[PDB]
Amino acid sequence: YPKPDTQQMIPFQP
Amino acid sequence: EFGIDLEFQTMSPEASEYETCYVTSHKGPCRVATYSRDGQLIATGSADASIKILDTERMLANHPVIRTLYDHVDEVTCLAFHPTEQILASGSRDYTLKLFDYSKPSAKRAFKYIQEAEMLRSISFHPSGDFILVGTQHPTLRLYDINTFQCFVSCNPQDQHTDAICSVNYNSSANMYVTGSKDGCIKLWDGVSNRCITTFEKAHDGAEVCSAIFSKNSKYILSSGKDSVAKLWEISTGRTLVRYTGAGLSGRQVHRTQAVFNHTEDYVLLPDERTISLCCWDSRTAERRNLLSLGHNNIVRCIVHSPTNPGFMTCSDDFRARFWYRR
């Protein structure tokens, strides 16, 4: 399976 | 690899041919169940804040409830089995996401947990098992890394829903996922980029979208809404191909419930709240098949169908979960 590209994403803090 | 493909006769039993094979009881309403990916196990969750793990083989044939887990202090609302490990992910109205290692029979509590800002509504394990998608009462979808507990969201905020997320599901290959929301939209997402590929606006005529799943070939989305209509969408074109009508009622808003495929995707199944029965349609033509009397004394808020077998679980506000199978 491919994996989510977290670097293309922004960190999030609830 | 038997599935619906409208581009290219059914091969499985209608819902009406199934029977209850085992009944289990929680101490509060039961509003979630999920199948393990291999289809051997079912987990059920309740407003009594507890979780049961059930062996389908024992239910067909030593107690079928092989596990009970107690590490929530409010209704559990969502569950997802780890794809490779004996771990269950649990989400609650108590604002937590719990991870249970169920390899040991005696295990009662979770080993790790995430404390969230909103009540959890829907989780979906990445097929690798390294990530979990999390829908909450908040409109923005969370991607958590299971190992680092870091959280990530799309880099474009316009991607996000504009109300509570109701359902999150990966497709079979993990290259996509699908969300449904109270905003009445279905959103298609890139599984790697985690950007929104498509928004189906007014997917159910403005009503909340309760559930959205993929067909095995990932060519279709099956959704259901509070307009009490199930829809089959073609991802390629963005259009509704099939409308599954007949369920629901007039006068009051319906509660949230799932539309599912059976294991071969020959049939669409939707619980009807008016009669406490299961509507069943031919998936390809929308032809109404026989109604299945569910035997529940209250509304069924959750239905999950086995991925591998003619089996499904119905979860009811009567505190009970019924395991169904065509024997």
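Protein chains in written order, with our numbering: chain A, 3 to 16; chain B, 3 to 329.
Built from N, CA and C at the ideal position, the CB exists for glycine as well.
Residue i - partner residues in DSSP beta bridges
i: residue 242 of chain B; result: B:235
i: residue 78 of chain B; result: B:94
i: residue 20 of chain B; result: Answer is none; residue 20 of chain B lacks a bridge partner.
i: residue 313 of chain B; result: B:327
i: residue 181 of chain B; result: B:170 and B:189
i: residue 284 of chain B; result: B:269
i: residue 322 of chain B; result: B:27
i: residue 307 of chain B; result: B:314
i: residue 276 of chain B; result: None; residue 276 of chain B has no bridge partner.
i: residue 85 of chain B; result: None, per the DSSP bridge assignment.
i: residue 2 of chain A; result: With chain A covering only 3 through 16, there is no way to say anything about residue 2 of chain A.
i: residue 290 of chain B; result: B:283
i: residue 295 of chain B; result: B:279
Integer Cβ distance of residue i from residue j, believed to fall under 8 Å
i: residue 32 of chain B; j: residue 46 of chain B; result: 6 Å
i: residue 19 of chain B; j: residue 51 of chain B; result: Going by Cβ atoms, the distance from residue 19 of chain B to residue 51 of chain B rounds to 35 Å, so no, they are not a contact pair.
i: residue 216 of chain B; j: residue 180 of chain B; result: 6 Å
i: residue 330 of chain B; j: residue 314 of chain B; result: Any property of residue 330 of chain B remains undetermined from this structure, which presents chain B solely from 3 to 329.
i: residue 265 of chain B; j: residue 308 of chain B; result: 5 Å
i: residue 237 of chain B; j: residue 273 of chain B; result: Not quite, the Cβ-Cβ distance comes to about 25 Å (not below 8 Å), so this is no contact.
i: residue 90 of chain B; j: residue 104 of chain B; result: 6 Å
i: residue 168 of chain B; j: residue 183 of chain B; result: 6 Å
i: residue 79 of chain B; j: residue 93 of chain B; result: 6 Å
i: residue 8 of chain A; j: residue 127 of chain B; result: Incorrect: roughly 16 Å between the Cβ atoms, too far for contact.
i: residue 317 of chain B; j: residue 303 of chain B; result: 6 Å
i: residue 214 of chain B; j: residue 177 of chain B; result: The pair is not a contact, with the Cβ atoms about 16 Å apart (cut-off 8 Å).
i: residue 298 of chain B; j: residue 324 of chain B; result: 7 Å
i: residue 173 of chain B; j: residue 6 of chain A; result: Contact doesn't hold; Cβ gap of about 13 Å is too wide.
i: residue 290 of chain B; j: residue 248 of chain B; result: 6 Å
i: residue 186 of chain B; j: residue 211 of chain B; result: 6 Å
i: residue 131 of chain B; j: residue 148 of chain B; result: 7 Å
Within chain D, partners of residue i - CB distance below 8 Å
i: residue 132 of chain B; result: Of the protein chains in the structure, A and B, none is chain D.
Residue i burial status per 10 Å Cβ neighbour count (16 or more: buried)
i: residue 54 of chain B; result: buried
i: residue 13 of chain B; result: exposed
i: residue 245 of chain B; result: exposed
i: residue 110 of chain B; result: exposed
i: residue 279 of chain B; result: buried
i: residue 282 of chain B; result: buried
i: residue 15 of chain A; result: exposed
i: residue 10 of chain B; result: exposed
i: residue 16 of chain B; result: buried
i: residue 295 of chain B; result: exposed
i: residue 81 of chain B; result: buried
i: residue 143 of chain B; result: buried
i: residue 393 of chain B; result: The question about residue 393 of chain B has no answer here: the residues shown for chain B are numbered 3 through 329.
i: residue 251 of chain B; result: exposed
i: residue 59 of chain B; result: exposed
i: residue 124 of chain B; result: buried
i: residue 151 of chain B; result: exposed
i: residue 36 of chain B; result: buried
i: residue 25 of chain B; result: exposed
i: residue 239 of chain B; result: exposed
i: residue 74 of chain B; result: buried
i: residue 13 of chain A; result: exposed
i: residue 202 of chain B; result: buried
i: residue 292 of chain B; result: exposed
i: residue 160 of chain B; result: exposed
i: residue 4 of chain A; result: exposed
i: residue 260 of chain B; result: buried
i: residue 40 of chain B; result: exposed
i: residue 107 of chain B; result: exposed
i: residue 269 of chain B; result: buried
i: residue 114 of chain B; result: exposed
i: residue 27 of chain B; result: exposed
i: residue 140 of chain B; result: buried
i: residue 98 of chain B; result: buried
| Which residue spans inside the segment 94-172 of chain B form an unbroken alpha helix (DSSP H) run of at least 4? | none
| Contact between the segment 75-91 of chain B and the segment 56-65 of chain B (3+ Cβ pairs under 8 Å) | no
| said: Using 8 Å as the cut-off, can you tell me whether the segment 217-227 of chain B makes contact with the segment 3-20 of chain B, which would need three or more C-beta pairs spanning the two stretches below that distance? | reply: yes
| query | Does the segment 116-129 of chain B come close enough to the segment 155-164 of chain B that 3 or more CB-CB pairs lie under 8 Å? | reply | no
| task | Specify whether the segment 200-210 of chain B and the segment 223-240 of chain B touch according to this definition: at least 3 beta carbon pairs, one from each stretch, less than 8 Å apart. | result | yes
| In chain order, which alpha helix (DSSP H) runs of at least 4 residues are fully inside the segment 33-73 of chain B? | 58-62
| For the segment 190-274 of chain B, which segments carrying the beta strand (DSSP E) assignment without a break, of at least 3 residues, lie completely within its bounds, in sequence order? | 198-202, 211-216, 222-227, 232-236, 241-246 and 269-274
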